[PDB]
Amino acid sequence: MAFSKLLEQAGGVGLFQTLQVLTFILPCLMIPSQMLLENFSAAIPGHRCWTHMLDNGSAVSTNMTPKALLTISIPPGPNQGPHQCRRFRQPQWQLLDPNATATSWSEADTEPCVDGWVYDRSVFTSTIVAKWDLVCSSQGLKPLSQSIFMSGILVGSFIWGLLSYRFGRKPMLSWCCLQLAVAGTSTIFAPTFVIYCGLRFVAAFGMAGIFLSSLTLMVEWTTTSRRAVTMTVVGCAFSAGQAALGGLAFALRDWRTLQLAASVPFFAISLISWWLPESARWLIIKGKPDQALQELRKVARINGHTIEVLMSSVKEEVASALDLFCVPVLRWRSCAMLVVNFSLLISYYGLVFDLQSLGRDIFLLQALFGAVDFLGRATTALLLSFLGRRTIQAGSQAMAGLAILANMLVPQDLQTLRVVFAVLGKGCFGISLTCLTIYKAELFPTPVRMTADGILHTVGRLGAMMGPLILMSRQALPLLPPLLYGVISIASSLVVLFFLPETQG
Ligand SMILES: [Cl-]
(Lines give C-alpha, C1' and ligand atoms only; values in the text may rest on other atoms or scores of the structure.)
Protein backbone atom coordinates (compact mmCIF):
# COMPACT_ATOMS: atom_id res chain seq x y z
CA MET A 1 0.00 0.00 0.00
CA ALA A 2 2.83 2.37 -0.90
CA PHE A 3 0.82 4.48 -3.34
CA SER A 4 -1.50 5.36 -0.44
CA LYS A 5 1.57 6.64 1.43
CA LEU A 6 2.55 8.67 -1.65
CA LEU A 7 -0.97 10.14 -1.77
CA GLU A 8 -0.73 10.95 1.94
CA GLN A 9 2.55 12.73 1.17
CA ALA A 10 0.70 14.51 -1.66
CA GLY A 11 -1.89 15.71 0.88
CA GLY A 12 -4.57 13.00 0.91
CA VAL A 13 -7.09 15.22 2.74
CA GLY A 14 -6.68 18.51 0.88
CA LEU A 15 -8.79 20.86 -1.23
CA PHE A 16 -8.16 18.69 -4.32
CA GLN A 17 -10.05 15.67 -2.97
CA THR A 18 -13.05 17.86 -2.04
CA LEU A 19 -13.09 19.54 -5.48
CA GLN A 20 -12.75 16.11 -7.14
CA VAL A 21 -15.66 14.69 -5.15
CA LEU A 22 -17.83 17.74 -6.03
CA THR A 23 -16.87 17.41 -9.71
CA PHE A 24 -17.91 13.76 -9.64
CA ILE A 25 -21.07 14.61 -7.64
CA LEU A 26 -22.28 16.38 -10.78
CA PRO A 27 -22.50 13.17 -12.95
CA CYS A 28 -23.68 11.05 -9.99
CA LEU A 29 -26.48 13.57 -9.54
CA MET A 30 -27.33 13.42 -13.25
CA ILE A 31 -27.00 9.65 -13.99
CA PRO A 32 -30.26 8.56 -12.20
CA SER A 33 -32.25 10.99 -14.34
CA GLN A 34 -30.96 9.32 -17.53
CA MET A 35 -31.10 5.75 -16.15
CA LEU A 36 -34.67 5.94 -14.76
CA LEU A 37 -36.09 8.42 -17.31
CA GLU A 38 -38.37 5.80 -18.89
CA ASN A 39 -40.45 5.61 -15.69
CA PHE A 40 -41.76 9.05 -16.75
CA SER A 41 -41.02 9.48 -20.47
CA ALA A 42 -42.59 6.05 -21.17
CA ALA A 43 -45.52 6.35 -18.75
CA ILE A 44 -48.63 4.66 -20.16
CA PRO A 45 -51.59 7.08 -20.18
CA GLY A 46 -55.18 5.88 -20.13
CA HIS A 47 -56.16 4.83 -23.64
CA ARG A 48 -58.88 3.40 -25.85
CA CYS A 49 -59.32 2.60 -29.54
CA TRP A 50 -60.33 5.27 -31.97
CA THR A 51 -63.92 4.65 -33.05
CA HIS A 52 -65.77 6.46 -35.84
CA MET A 53 -68.92 6.99 -33.77
CA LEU A 54 -67.02 8.34 -30.73
CA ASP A 55 -63.99 10.11 -32.20
CA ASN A 56 -65.06 11.43 -35.63
CA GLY A 57 -66.77 14.72 -34.74
CA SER A 58 -69.01 14.66 -37.81
CA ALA A 59 -70.70 11.41 -36.71
CA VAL A 60 -71.50 12.53 -33.13
CA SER A 61 -75.30 12.65 -33.01
CA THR A 62 -76.11 15.81 -31.02
CA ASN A 63 -78.37 13.89 -28.58
CA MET A 64 -75.92 11.42 -26.98
CA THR A 65 -73.57 12.03 -24.06
CA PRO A 66 -69.90 11.03 -24.47
CA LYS A 67 -70.34 8.59 -21.56
CA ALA A 68 -73.24 6.87 -23.34
CA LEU A 69 -71.26 6.76 -26.59
CA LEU A 70 -68.32 5.24 -24.69
CA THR A 71 -70.58 2.63 -23.04
CA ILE A 72 -72.14 1.68 -26.39
CA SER A 73 -68.83 1.84 -28.31
CA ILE A 74 -66.29 0.04 -26.08
CA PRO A 75 -66.93 -3.17 -24.07
CA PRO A 76 -65.93 -3.35 -20.40
CA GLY A 77 -62.45 -4.76 -19.96
CA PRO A 78 -61.24 -7.00 -17.11
CA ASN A 79 -60.67 -3.96 -14.86
CA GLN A 80 -63.20 -1.35 -13.81
CA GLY A 81 -63.15 0.73 -16.98
CA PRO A 82 -63.43 0.67 -20.77
CA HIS A 83 -61.42 -2.03 -22.51
CA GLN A 84 -58.18 -0.46 -23.69
CA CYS A 85 -57.44 -2.49 -26.83
CA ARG A 86 -60.73 -3.53 -28.48
CA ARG A 87 -63.91 -1.97 -29.86
CA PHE A 88 -67.20 -3.13 -31.33
CA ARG A 89 -67.36 -3.26 -35.14
CA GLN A 90 -70.78 -1.56 -34.93
CA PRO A 91 -72.27 0.46 -32.03
CA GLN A 92 -74.17 -1.87 -29.70
CA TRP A 93 -77.22 0.34 -29.11
CA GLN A 94 -78.86 -2.60 -27.27
CA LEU A 95 -76.29 -2.03 -24.48
CA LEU A 96 -77.96 1.22 -23.32
CA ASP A 97 -81.36 -0.08 -22.09
CA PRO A 98 -81.04 -0.44 -18.27
CA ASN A 99 -83.18 -3.62 -18.24
CA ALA A 100 -80.82 -5.51 -20.59
CA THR A 101 -78.73 -8.19 -18.91
CA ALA A 102 -75.01 -7.36 -19.35
CA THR A 103 -74.19 -10.60 -21.22
CA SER A 104 -76.08 -9.86 -24.45
CA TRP A 105 -72.81 -9.34 -26.40
CA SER A 106 -70.29 -11.95 -27.55
CA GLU A 107 -66.50 -12.00 -27.86
CA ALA A 108 -67.20 -12.61 -31.58
CA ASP A 109 -68.41 -8.99 -31.81
CA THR A 110 -64.90 -7.79 -30.89
CA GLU A 111 -61.78 -7.35 -33.02
CA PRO A 112 -58.28 -6.13 -32.17
CA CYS A 113 -57.74 -2.38 -32.33
CA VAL A 114 -57.02 -1.70 -36.02
CA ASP A 115 -57.19 2.10 -36.36
CA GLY A 116 -54.91 3.00 -33.46
CA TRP A 117 -55.58 4.67 -30.14
CA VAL A 118 -56.74 7.96 -28.64
CA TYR A 119 -54.76 8.83 -25.51
CA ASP A 120 -55.87 10.84 -22.50
CA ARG A 121 -53.51 13.82 -22.26
CA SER A 122 -54.84 15.11 -18.92
CA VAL A 123 -52.05 13.49 -16.88
CA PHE A 124 -49.20 13.37 -19.44
CA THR A 125 -49.03 15.75 -22.39
CA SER A 126 -46.95 13.32 -24.47
CA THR A 127 -45.16 10.01 -23.95
CA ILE A 128 -43.15 7.72 -26.23
CA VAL A 129 -45.99 5.22 -25.66
CA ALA A 130 -48.48 7.68 -27.14
CA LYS A 131 -45.95 8.44 -29.90
CA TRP A 132 -45.46 4.84 -31.12
CA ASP A 133 -48.73 3.17 -29.95
CA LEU A 134 -47.01 0.69 -27.64
CA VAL A 135 -50.11 -0.78 -25.93
CA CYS A 136 -52.03 -4.08 -25.39
CA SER A 137 -49.73 -6.06 -27.72
CA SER A 138 -46.67 -3.79 -27.99
CA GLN A 139 -46.58 -3.12 -24.23
CA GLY A 140 -43.64 -5.53 -24.00
CA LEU A 141 -41.42 -3.08 -25.89
CA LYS A 142 -41.28 -0.57 -23.00
CA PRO A 143 -39.59 -3.00 -20.53
CA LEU A 144 -37.71 -4.36 -23.55
CA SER A 145 -36.42 -0.80 -24.12
CA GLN A 146 -35.34 -0.65 -20.46
CA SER A 147 -33.72 -4.10 -20.86
CA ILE A 148 -31.84 -2.90 -23.96
CA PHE A 149 -30.59 0.08 -21.91
CA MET A 150 -29.42 -2.27 -19.13
CA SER A 151 -27.74 -4.43 -21.79
CA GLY A 152 -26.02 -1.26 -22.97
CA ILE A 153 -24.63 -0.75 -19.47
CA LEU A 154 -23.47 -4.40 -19.36
CA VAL A 155 -21.76 -4.35 -22.79
CA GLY A 156 -20.32 -0.89 -22.12
CA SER A 157 -18.84 -2.02 -18.80
CA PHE A 158 -17.27 -5.06 -20.50
CA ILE A 159 -15.86 -3.25 -23.56
CA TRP A 160 -14.62 -0.26 -21.56
CA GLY A 161 -13.12 -2.77 -19.11
CA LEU A 162 -11.02 -4.22 -21.93
CA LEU A 163 -10.21 -0.79 -23.41
CA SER A 164 -9.22 0.65 -20.00
CA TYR A 165 -5.90 -1.21 -20.17
CA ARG A 166 -4.88 0.53 -23.38
CA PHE A 167 -6.64 3.90 -23.17
CA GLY A 168 -6.54 6.56 -20.51
CA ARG A 169 -9.05 7.39 -17.85
CA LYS A 170 -9.41 11.15 -18.32
CA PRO A 171 -10.08 11.06 -22.12
CA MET A 172 -12.36 8.02 -21.75
CA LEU A 173 -14.37 9.94 -19.13
CA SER A 174 -14.57 13.01 -21.40
CA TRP A 175 -15.55 10.90 -24.43
CA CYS A 176 -18.19 8.96 -22.49
CA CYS A 177 -19.69 12.23 -21.22
CA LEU A 178 -19.78 13.59 -24.79
CA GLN A 179 -21.21 10.32 -26.18
CA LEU A 180 -23.94 10.15 -23.52
CA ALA A 181 -24.82 13.83 -24.04
CA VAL A 182 -24.99 13.53 -27.85
CA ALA A 183 -26.93 10.25 -27.93
CA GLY A 184 -29.32 11.44 -25.20
CA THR A 185 -30.19 14.69 -26.97
CA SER A 186 -30.32 12.85 -30.33
CA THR A 187 -33.07 10.55 -28.97
CA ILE A 188 -35.66 13.34 -29.42
CA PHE A 189 -35.17 13.23 -33.21
CA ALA A 190 -35.57 9.44 -33.47
CA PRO A 191 -38.29 8.77 -36.08
CA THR A 192 -38.79 5.11 -35.19
CA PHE A 193 -38.79 3.23 -31.86
CA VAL A 194 -35.89 1.09 -33.14
CA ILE A 195 -33.70 4.18 -33.67
CA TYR A 196 -34.77 5.36 -30.19
CA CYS A 197 -33.67 2.03 -28.65
CA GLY A 198 -30.36 2.16 -30.53
CA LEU A 199 -29.64 5.68 -29.28
CA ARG A 200 -30.58 4.59 -25.74
CA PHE A 201 -28.14 1.67 -26.11
CA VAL A 202 -25.34 4.06 -27.16
CA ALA A 203 -26.26 6.34 -24.24
CA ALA A 204 -26.10 3.45 -21.76
CA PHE A 205 -22.74 2.39 -23.23
CA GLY A 206 -21.47 5.89 -22.46
CA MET A 207 -23.03 5.79 -18.97
CA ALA A 208 -21.15 2.52 -18.35
CA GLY A 209 -17.94 4.32 -19.25
CA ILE A 210 -18.89 7.13 -16.85
CA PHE A 211 -19.39 4.61 -14.03
CA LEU A 212 -16.07 2.89 -14.70
CA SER A 213 -13.98 6.06 -15.05
CA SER A 214 -15.56 7.86 -12.08
CA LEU A 215 -15.15 4.94 -9.66
CA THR A 216 -11.63 4.06 -10.87
CA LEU A 217 -10.30 7.65 -10.78
CA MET A 218 -11.97 8.27 -7.41
CA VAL A 219 -10.58 5.14 -5.75
CA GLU A 220 -7.14 5.67 -7.30
CA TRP A 221 -6.89 9.26 -6.00
CA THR A 222 -8.46 8.58 -2.57
CA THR A 223 -6.40 7.14 0.28
CA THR A 224 -7.66 3.77 1.59
CA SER A 225 -8.66 5.33 4.94
CA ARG A 226 -11.01 7.74 3.11
CA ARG A 227 -12.32 5.44 0.33
CA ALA A 228 -15.32 4.34 2.44
CA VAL A 229 -16.38 7.91 3.32
CA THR A 230 -15.92 9.05 -0.31
CA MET A 231 -18.02 6.10 -1.54
CA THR A 232 -20.73 6.96 1.02
CA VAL A 233 -20.74 10.59 -0.20
CA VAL A 234 -21.05 9.31 -3.80
CA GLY A 235 -23.95 7.06 -2.79
CA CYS A 236 -25.67 10.07 -1.23
CA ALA A 237 -25.04 12.08 -4.44
CA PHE A 238 -26.63 9.21 -6.40
CA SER A 239 -29.60 9.29 -4.04
CA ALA A 240 -29.95 13.06 -4.39
CA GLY A 241 -30.06 12.64 -8.16
CA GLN A 242 -32.64 9.86 -7.75
CA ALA A 243 -34.82 12.18 -5.65
CA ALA A 244 -34.24 15.14 -8.01
CA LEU A 245 -35.55 13.13 -10.99
CA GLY A 246 -39.02 13.11 -9.40
CA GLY A 247 -39.01 16.90 -9.11
CA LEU A 248 -37.58 17.35 -12.61
CA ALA A 249 -40.32 15.18 -14.14
CA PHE A 250 -42.89 17.07 -12.02
CA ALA A 251 -41.52 20.37 -13.38
CA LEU A 252 -41.68 19.60 -17.12
CA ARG A 253 -43.94 16.56 -17.89
CA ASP A 254 -42.97 16.69 -21.59
CA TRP A 255 -40.77 13.73 -22.54
CA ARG A 256 -38.73 15.87 -24.96
CA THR A 257 -38.02 18.65 -22.45
CA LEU A 258 -37.31 16.01 -19.80
CA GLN A 259 -34.87 14.28 -22.18
CA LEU A 260 -33.09 17.61 -22.81
CA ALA A 261 -32.94 18.32 -19.06
CA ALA A 262 -31.39 14.88 -18.57
CA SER A 263 -28.88 15.11 -21.44
CA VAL A 264 -27.54 18.71 -21.76
CA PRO A 265 -25.85 18.79 -18.30
CA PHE A 266 -23.59 16.00 -19.54
CA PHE A 267 -22.43 18.48 -22.19
CA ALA A 268 -21.59 20.92 -19.40
CA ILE A 269 -19.89 18.22 -17.23
CA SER A 270 -17.71 17.00 -20.15
CA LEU A 271 -15.65 20.22 -20.27
CA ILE A 272 -15.22 20.30 -16.48
CA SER A 273 -14.21 16.63 -16.56
CA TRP A 274 -11.65 17.70 -19.18
CA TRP A 275 -10.10 19.88 -16.49
CA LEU A 276 -9.49 16.84 -14.21
CA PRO A 277 -5.98 15.32 -13.92
CA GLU A 278 -5.25 11.75 -15.00
CA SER A 279 -4.41 8.94 -12.52
CA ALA A 280 -0.71 9.06 -11.56
CA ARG A 281 -0.78 5.34 -10.60
CA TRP A 282 -2.14 4.37 -14.03
CA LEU A 283 0.58 6.49 -15.65
CA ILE A 284 3.16 4.60 -13.55
CA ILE A 285 1.83 1.15 -14.57
CA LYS A 286 1.94 2.26 -18.23
CA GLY A 287 5.63 3.14 -17.87
CA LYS A 288 5.17 6.94 -18.05
CA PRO A 289 6.73 7.98 -14.68
CA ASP A 290 7.67 11.53 -15.80
CA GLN A 291 4.04 12.41 -16.52
CA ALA A 292 2.89 10.75 -13.28
CA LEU A 293 5.44 12.75 -11.23
CA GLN A 294 4.36 15.93 -13.02
CA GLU A 295 0.74 15.14 -12.07
CA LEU A 296 1.72 14.49 -8.42
CA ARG A 297 3.53 17.84 -8.28
CA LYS A 298 0.49 19.56 -9.85
CA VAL A 299 -1.96 18.03 -7.34
CA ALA A 300 0.38 18.74 -4.40
CA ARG A 301 0.66 22.36 -5.54
CA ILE A 302 -3.16 22.68 -5.83
CA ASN A 303 -3.70 21.20 -2.36
CA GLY A 304 -1.08 23.51 -0.83
CA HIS A 305 1.78 21.08 -0.04
CA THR A 306 11.50 13.20 -5.16
CA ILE A 307 12.07 11.38 -8.46
CA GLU A 308 13.23 7.70 -8.59
CA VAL A 309 11.94 7.11 -5.03
CA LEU A 310 8.26 7.01 -6.13
CA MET A 311 8.51 4.35 -8.88
CA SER A 312 11.01 2.22 -6.92
CA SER A 313 8.76 2.22 -3.82
CA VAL A 314 5.69 0.88 -5.67
CA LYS A 315 7.41 -1.56 -8.08
CA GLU A 316 6.42 -4.67 -6.08
CA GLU A 317 2.79 -3.58 -5.59
CA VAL A 318 2.46 -2.94 -9.34
CA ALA A 319 4.19 -6.28 -10.05
CA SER A 320 1.89 -8.16 -7.65
CA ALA A 321 -1.11 -6.42 -9.23
CA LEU A 322 -8.79 -21.12 -9.74
CA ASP A 323 -9.11 -21.82 -6.02
CA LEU A 324 -12.52 -20.10 -5.92
CA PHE A 325 -14.06 -22.75 -8.19
CA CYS A 326 -12.04 -25.92 -7.50
CA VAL A 327 -12.20 -25.79 -3.67
CA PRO A 328 -15.70 -26.84 -2.48
CA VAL A 329 -16.08 -24.30 0.37
CA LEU A 330 -15.12 -21.48 -1.96
CA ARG A 331 -17.14 -23.01 -4.81
CA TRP A 332 -20.31 -22.99 -2.68
CA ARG A 333 -19.72 -19.54 -1.14
CA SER A 334 -19.07 -18.13 -4.64
CA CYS A 335 -22.21 -19.75 -6.09
CA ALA A 336 -24.26 -18.47 -3.15
CA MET A 337 -22.92 -14.94 -3.60
CA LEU A 338 -23.77 -15.00 -7.34
CA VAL A 339 -27.34 -16.22 -6.71
CA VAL A 340 -27.92 -13.67 -3.90
CA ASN A 341 -26.53 -10.72 -5.92
CA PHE A 342 -28.41 -11.80 -9.07
CA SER A 343 -31.73 -12.17 -7.20
CA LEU A 344 -31.17 -8.88 -5.34
CA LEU A 345 -30.47 -6.82 -8.45
CA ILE A 346 -33.32 -8.47 -10.39
CA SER A 347 -35.75 -7.51 -7.63
CA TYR A 348 -34.24 -4.04 -7.11
CA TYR A 349 -34.46 -3.07 -10.79
CA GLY A 350 -37.86 -4.76 -11.15
CA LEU A 351 -39.12 -2.52 -8.35
CA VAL A 352 -37.46 0.67 -9.58
CA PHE A 353 -38.72 0.12 -13.16
CA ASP A 354 -42.20 -0.94 -11.95
CA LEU A 355 -43.02 2.63 -10.79
CA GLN A 356 -46.23 3.03 -12.82
CA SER A 357 -47.63 -0.18 -11.32
CA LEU A 358 -46.61 0.57 -7.75
CA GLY A 359 -48.38 3.92 -7.31
CA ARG A 360 -50.63 6.34 -9.15
CA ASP A 361 -48.38 9.32 -8.32
CA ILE A 362 -44.99 8.23 -9.66
CA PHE A 363 -43.36 11.63 -8.94
CA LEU A 364 -44.01 11.38 -5.20
CA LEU A 365 -42.96 7.72 -5.26
CA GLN A 366 -39.63 8.60 -6.92
CA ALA A 367 -38.98 11.39 -4.37
CA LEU A 368 -39.82 9.01 -1.52
CA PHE A 369 -37.56 6.34 -3.05
CA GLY A 370 -34.64 8.78 -2.78
CA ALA A 371 -35.62 9.93 0.72
CA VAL A 372 -36.05 6.37 2.02
CA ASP A 373 -32.74 5.20 0.55
CA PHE A 374 -31.14 8.07 2.56
CA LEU A 375 -33.07 6.96 5.67
CA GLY A 376 -32.09 3.37 4.89
CA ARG A 377 -28.39 4.25 4.83
CA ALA A 378 -28.64 6.05 8.16
CA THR A 379 -30.33 3.10 9.71
CA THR A 380 -28.07 0.55 7.98
CA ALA A 381 -25.27 2.22 9.95
CA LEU A 382 -27.35 1.96 13.14
CA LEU A 383 -28.22 -1.71 12.47
CA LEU A 384 -24.54 -2.44 11.85
CA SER A 385 -23.69 -0.76 15.14
CA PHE A 386 -26.13 -2.95 17.08
CA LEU A 387 -26.55 -6.22 15.11
CA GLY A 388 -24.61 -8.48 12.75
CA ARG A 389 -24.35 -8.44 8.96
CA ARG A 390 -25.96 -11.78 8.03
CA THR A 391 -29.12 -11.24 10.09
CA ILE A 392 -29.71 -7.69 8.82
CA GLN A 393 -29.03 -8.75 5.20
CA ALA A 394 -31.40 -11.73 5.38
CA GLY A 395 -34.06 -9.83 7.31
CA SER A 396 -33.97 -6.81 5.00
CA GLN A 397 -34.19 -8.93 1.84
CA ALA A 398 -37.07 -10.93 3.33
CA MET A 399 -38.87 -7.73 4.40
CA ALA A 400 -38.38 -6.40 0.85
CA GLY A 401 -39.91 -9.54 -0.66
CA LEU A 402 -42.77 -9.41 1.85
CA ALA A 403 -43.31 -5.73 1.01
CA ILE A 404 -43.60 -6.63 -2.69
CA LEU A 405 -46.09 -9.42 -1.96
CA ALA A 406 -48.02 -7.14 0.40
CA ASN A 407 -48.10 -4.55 -2.40
CA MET A 408 -49.68 -7.27 -4.54
CA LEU A 409 -52.28 -7.70 -1.78
CA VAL A 410 -53.17 -3.99 -1.50
CA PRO A 411 -56.44 -2.86 -3.13
CA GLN A 412 -56.10 0.08 -5.52
CA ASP A 413 -57.83 2.25 -2.91
CA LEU A 414 -55.85 3.58 0.11
CA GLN A 415 -53.00 4.80 -2.11
CA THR A 416 -50.89 5.96 0.86
CA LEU A 417 -50.56 2.44 2.31
CA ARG A 418 -49.52 1.07 -1.11
CA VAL A 419 -46.93 3.86 -1.38
CA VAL A 420 -45.73 3.05 2.16
CA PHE A 421 -45.15 -0.62 1.31
CA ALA A 422 -43.41 0.23 -2.01
CA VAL A 423 -41.16 2.81 -0.30
CA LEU A 424 -40.39 0.36 2.53
CA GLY A 425 -39.35 -2.28 -0.01
CA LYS A 426 -37.11 0.23 -1.80
CA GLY A 427 -35.49 1.23 1.51
CA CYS A 428 -34.94 -2.43 2.41
CA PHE A 429 -33.17 -3.04 -0.91
CA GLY A 430 -31.00 0.04 -0.25
CA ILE A 431 -29.91 -1.34 3.14
CA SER A 432 -29.41 -4.84 1.69
CA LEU A 433 -27.25 -3.40 -1.12
CA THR A 434 -25.03 -1.48 1.31
CA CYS A 435 -24.74 -4.51 3.59
CA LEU A 436 -23.84 -6.68 0.59
CA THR A 437 -21.20 -4.14 -0.48
CA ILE A 438 -19.59 -4.37 2.97
CA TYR A 439 -20.04 -8.14 3.38
CA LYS A 440 -18.39 -8.91 0.02
CA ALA A 441 -15.32 -6.96 1.15
CA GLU A 442 -15.24 -8.79 4.48
CA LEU A 443 -15.76 -12.33 3.13
CA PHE A 444 -13.04 -12.43 0.46
CA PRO A 445 -9.27 -11.93 0.85
CA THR A 446 -7.72 -9.25 -1.43
CA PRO A 447 -6.36 -11.43 -4.33
CA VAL A 448 -9.71 -13.08 -4.71
CA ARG A 449 -11.65 -10.14 -3.32
CA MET A 450 -10.58 -8.48 -6.56
CA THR A 451 -11.18 -11.62 -8.66
CA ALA A 452 -14.63 -12.17 -7.06
CA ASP A 453 -15.79 -8.55 -7.39
CA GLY A 454 -15.39 -8.57 -11.19
CA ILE A 455 -17.51 -11.70 -11.67
CA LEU A 456 -20.07 -10.61 -9.04
CA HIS A 457 -20.41 -7.19 -10.73
CA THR A 458 -20.88 -8.81 -14.20
CA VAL A 459 -23.49 -11.27 -12.82
CA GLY A 460 -25.21 -8.34 -11.09
CA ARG A 461 -25.42 -6.38 -14.38
CA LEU A 462 -26.82 -9.60 -15.93
CA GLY A 463 -29.47 -9.50 -13.20
CA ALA A 464 -30.12 -5.84 -14.01
CA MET A 465 -30.58 -6.85 -17.65
CA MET A 466 -32.95 -9.71 -16.69
CA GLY A 467 -35.18 -7.50 -14.50
CA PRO A 468 -37.11 -5.60 -17.19
CA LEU A 469 -37.19 -8.72 -19.38
CA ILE A 470 -39.12 -10.55 -16.65
CA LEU A 471 -41.27 -7.37 -16.41
CA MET A 472 -42.14 -8.00 -20.09
CA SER A 473 -44.15 -11.10 -18.99
CA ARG A 474 -46.88 -8.84 -17.46
CA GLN A 475 -48.81 -8.85 -20.78
CA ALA A 476 -49.62 -12.56 -20.39
CA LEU A 477 -49.69 -12.86 -16.56
CA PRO A 478 -50.17 -9.49 -14.79
CA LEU A 479 -49.46 -10.87 -11.30
CA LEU A 480 -46.33 -12.80 -12.33
CA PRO A 481 -43.55 -10.09 -12.00
CA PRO A 482 -44.20 -8.92 -8.38
CA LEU A 483 -44.91 -12.54 -7.37
CA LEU A 484 -41.56 -13.57 -8.86
CA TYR A 485 -39.72 -10.68 -7.16
CA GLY A 486 -41.28 -11.65 -3.82
CA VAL A 487 -40.57 -15.38 -4.05
CA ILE A 488 -37.02 -14.87 -5.41
CA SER A 489 -36.28 -12.38 -2.59
CA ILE A 490 -37.55 -14.81 0.06
CA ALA A 491 -35.70 -17.76 -1.52
CA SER A 492 -32.43 -15.80 -1.63
CA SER A 493 -32.92 -14.82 2.02
CA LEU A 494 -33.20 -18.57 2.70
CA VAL A 495 -29.98 -19.00 0.70
CA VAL A 496 -28.34 -16.45 3.04
CA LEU A 497 -29.48 -18.37 6.15
CA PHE A 498 -28.51 -21.85 4.89
CA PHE A 499 -25.38 -20.98 2.83
CA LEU A 500 -23.61 -17.90 4.11
CA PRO A 501 -21.48 -18.19 7.26
CA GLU A 502 -21.69 -16.25 10.47
CA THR A 503 -18.65 -14.00 10.83
CA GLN A 504 -16.70 -12.48 13.71
CA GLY A 505 -18.12 -9.05 12.87
CL1 LIG B 1 -21.76 -1.21 -13.90
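Structure determination for this entry is recorded as cryo-EM, at 3.1 Å resolution.

Going by the annotation in the PDB entry, the name recorded for the protein chain is Solute carrier family 22 member 11, with Homo sapiens given as the source organism. For this entry, the PDB record gives the title as "Cryo-EM structure of OAT4". On record in UniProt, under Sequence similarities, the comment for the protein chain is "Belongs to the major facilitator (TC 2.A.1) superfamily. Organic cation transporter (TC 2.A.1.19) family."

1. Describing the state of the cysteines
This model, assessed by the stated rule, comprises 2 disulfides. The residue that forms a disulfide with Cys-49 is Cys-113, at a sulfur-sulfur distance of 2.0 Å. With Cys-49 in strand β1 (residues 47-49) and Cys-113 in the loop between β3 (110-112) and β4 (117-119), this residue pair connects regions lying 64 residues apart in the sequence. Given the relative accessible area of 15%, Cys-113 is considered buried. Ordinal numbering of bonded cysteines along the protein chain defines a disulfide pattern of 1-3, 2-4. Distance from the sulfur of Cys-197, which forms no disulfide, to the nearest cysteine sulfur (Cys-136) is 20 Å. Unpaired in terms of disulfides, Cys-435 finds its nearest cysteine sulfur in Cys-428, a separation of 11 Å. For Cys-435, a relative accessible area of 1% puts it in the buried group.

2. Some thoughts on the pattern of salt bridges
Counted by the stated rule, this structure contains 8 salt bridges. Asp-354 serves as the salt-bridge partner of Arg-474, at 2.3 Å between the closest nitrogen and oxygen. With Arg-474 in the loop between α21 (446-471) and α22 (480-499) and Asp-354 in the loop between α16 (328-353) and α17 (355-358), this pair connects stretches of sequence that are 120 residues apart. Linked through salt bridges whose partners overlap, the residues forming this network are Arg-169, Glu-220 and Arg-281.

3. Quick notes on the domain arrangement of the protein chain
Segmentation of the protein chain into domains returns domain 1 (1-27 + 136-321), domain 2 (47-119) and domain 3 (324-505). Centre-to-centre separation of domain 1 and domain 2, based on C-alpha positions: 53 Å.

4. Structural notes on the packing of aromatic side chains
Applying the stated criterion to the full structure yields 14 aromatic pairs. Aromatic pair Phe-16 and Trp-221: ring centres 5.8 Å apart, planes at 70°, arrangement edge-to-face. Here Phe-16 is found in helix α2 (residues 15-35), whereas its partner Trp-221 is found in helix α9 (residues 193-221), with 205 residues between them in sequence. Overall, the relative accessible area of 5% leaves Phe-16 in the buried class. Note on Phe-40 and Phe-363: the rings are 5.3 Å apart at their centroids and 15° apart in plane angle, and the pair reads as stacked. Residue class for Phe-40 comes out buried when judged on its relative accessible area of 3%. Taken together, the ring pairs connect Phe-40, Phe-124, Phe-250 and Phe-363 into an aromatic cluster.

5. Digging into the environment of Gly-168
Residue position: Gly-168 is located in the loop between α7 (141-163) and α8 (169-186). Separated by 45 residues in sequence, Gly-168 and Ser-213 place their C-alpha atoms 9.2 Å apart. The residues contacting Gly-168, other than those within four sequence positions of it, are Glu-278 and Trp-282.

6. Focus on the nonpolar core
In terms of nonpolar packing, the biggest core is built from 94 residues, with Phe-40, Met-150, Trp-221, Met-337, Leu-365 and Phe-369 touching the most fellow members. Looking at which element gives the most residues to this core, the answer is α16, with 11 residues. Residue contacts for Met-150: discarding those within four places in its chain leaves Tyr-349, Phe-353, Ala-464 and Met-465. Counting residues in hydrophobic clusters, the runner-up holds 14 residues, among them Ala-42, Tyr-119, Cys-197 and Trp-255.

7. Some thoughts on the side chain of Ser-164
Topologically, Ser-164 is positioned in the loop between α7 and α8. A polar side-chain atom of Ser-164 sits 3.4 Å from a polar atom in the side chain of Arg-169. Contact partners of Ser-164, with chain neighbours within four places excluded, come to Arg-169, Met-172, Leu-212 and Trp-282.

8. Regarding a nonpolar patch on the surface
Where nonpolar side chains cluster on the molecular surface, the patch consists of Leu-15, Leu-19, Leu-26, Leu-271, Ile-272 and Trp-275 and spans about 570 Å² of accessible area. Secondary structure elements with two or more residues in the nonpolar patch: α2 and α11 (255-275). On the accessibility criterion, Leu-271 (59% relative accessible area) is exposed.

Thresholds applied
Residues numbered from 1 in each chain as written, not as in the entry; some residues may be left out. Heavy atoms only, no water. Residues with missing side-chain atoms left out of burial classes, pairs and counts. UniProt positions renumbered as here; feature names shortened; annotations may be inferred. Disulfide = S-S within 2.5 Å. Helix = DSSP H or I, 4+ residues; strand = E, 2+ residues; numbered from the N terminus. Buried < 20%, exposed > 50% of the residue type's maximum accessible area, 1.4 Å probe, protein only. Salt bridge = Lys/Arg side-chain N within 4 Å of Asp/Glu carboxyl O. Domains from an automatic or database assignment. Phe/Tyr/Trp six-rings, centres within 6.5 Å; stacked < 30°, edge-to-face > 60°. Contact = heavy atoms within 4.5 Å. Core = buried A, V, L, I, M, F, W, Y, C linked by side-chain atoms within 4.5 Å. Polar contact = N/O pair within 3.5 Å; in protein donor to acceptor, adjacent residues only side chain to side chain. Patch = residues over 30% accessible without salt bridge, like charges linked within 9 Å, V, L, I, M, F, W, Y side chains within 5 Å. Areas by Shrake-Rupley, 256 points an atom, 1.4 Å probe, with all protein chains shown as cover.

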